[PDB]
Amino acid sequence: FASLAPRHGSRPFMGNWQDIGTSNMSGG
Amino acid sequence: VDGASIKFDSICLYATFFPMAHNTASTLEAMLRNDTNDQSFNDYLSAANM
Amino acid sequence: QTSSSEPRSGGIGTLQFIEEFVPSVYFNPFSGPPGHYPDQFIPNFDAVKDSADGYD
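Below you can see the structure in the form of structure tokens.
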């Protein structure tokens, strides 16, 4: 999916792999 | 008692749409209709309150 | 000759839709690179356009 990512230089500016879901609760 | 009144005349629902490309917003549509890609959420308080 | 002049092609009937198009068990779904997914599950997708159809 490098055609959806912005190009910083000539490399796709991707996010991290494990930053997909949320985990926050009221103190946990 | 203090005479404060409120009167709701009209109401409208608004919805802002990201103008995603139609062959990309259909790939995301197809991916998000699996039973494995269910959008799971959690209440932030996460408490039954008595 | 009772049959047609030319054999019919283009679209299958109800009984051949039953024989073909057995429901697709798609193991490990959408694991590939984009473009190697089943896009023909999508009811908007032209195969010979490789694009999802719109309102015009």
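Residue numbers (the authors' numbering), protein chains in the order written: chain Y, 6 to 33; chain C, 603 to 652; chain O, 172 to 227.
Just so it is clear, CB atoms sit at the ideal spot from N, CA and C, and this is done for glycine as well.
- Rounded to the nearest whole angstrom, the CA to CA distance from Y/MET30 to C/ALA649 is 10 Å.
- For C/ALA632, the three-state secondary structure derived from DSSP is helix.
- Secondary structure note for O/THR185: its alpha helix (DSSP H) is the uninterrupted segment 185-190.
- Across the structure, Y/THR27 and C/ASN644 are spaced so that their CA atoms are roughly 9 Å apart.
- Note on geometry: alpha-carbon atoms of C/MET622 and O/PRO214 lie some 18 Å from one another.
- Burial is judged here by how many other beta carbons sit within 10 angstroms of a residue's own beta carbon; C/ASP604 has fewer than 16 and is exposed.
- For Y/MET30, the neighbours in chain C by C-beta distance under 9 Å run, in chain order, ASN644, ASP645, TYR646, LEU647, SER648.
- The C-alpha of C/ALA606 lies about 29 Å from the C-alpha of C/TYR616.
- Distance from the CA atom of O/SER202 to the CA atom of Y/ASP24, rounded to whole angstroms, is 18 Å.
- Y/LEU9 places its beta carbon less than 8 Å from that of C/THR626.
- The beta carbon of C/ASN639 sits closer than 8 Å to those of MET633, all from its chain and outside the five residues before and after it, given in chain order.
- Assignment of beta-bridge partners to Y/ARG16 by DSSP yields Y/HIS13.
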